[PDB]
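Starting off, we have a lone chain in the form deposited in one PDB entry, written out as structure tokens.
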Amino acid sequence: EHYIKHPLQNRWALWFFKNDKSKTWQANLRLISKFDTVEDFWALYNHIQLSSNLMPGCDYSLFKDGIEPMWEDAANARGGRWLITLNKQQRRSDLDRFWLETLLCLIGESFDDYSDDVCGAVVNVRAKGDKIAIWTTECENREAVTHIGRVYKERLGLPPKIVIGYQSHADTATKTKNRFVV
């Protein structure tokens, strides 16, 4: 009413990663918080560093509850990602606003019939250039993948002179070909 929190469609988990000389997948990856309302999202978002302020080598990731933040997870293994690559100028002009928009696309279920194909999203802060990506569950679901790509591109406001690519997780792990481009 004037007192119930506004539930999200899904419960989400926000993860932090930092590369090191440590265990990596235990040591370096840690769960910040799980949330399932709008109010709890914003309280968490407002409490943490902007991606632009993270040390190179660090990631944030947001995944649906039940999906581990790793491509080998059952929901990710046959999947892939729409990839946004950012140079150093874009770290200042685009990184934080694109990432918030990405978060909002996820928790707002912005992909119509195909929101269920979304697994999560990741921002990589790197010296050689930042990356944001939306992970989806199945590379062969052409309708779902294409629709998510199109909507995401338009929510980021990217003009036609730029294309973004989708790559299979397995393909990228081998060394990368785009399965789709929009």
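We number the residues from 1 along the sequence you see.
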item: Extent of unmodelled deposited sequence, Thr176 relative to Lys175; value: 4 to 9
item: Between 149 to 157 and 22 to 30 (mean CA B-factor, as deposited), the higher; value: 22 to 30
item: Between 57 to 65 and 126 to 134 (mean CA B-factor, as deposited), the higher; value: 126 to 134
item: Residue selected from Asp113, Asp40, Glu143, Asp117 by maximal Cα B factor; value: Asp113
item: Chain thirds of CA B-factor: placement of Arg97; value: middle
item: Position of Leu86 among the chain's modelled residues by C-alpha B-factor, lowest, middle or highest third; value: highest
item: Cα B factor band for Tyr166 (lowest, middle or highest third within the chain); value: lowest
item: Chain thirds of CA B-factor: placement of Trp12; value: lowest
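Keep in mind the form solved in complex with a partner chain is missing from the figure; the text below concerns it.
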{"item": "is_contact(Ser110, the partner chain) in the deposited bound form, heavy atom dist at most 4.5 Å", "value": "yes"}
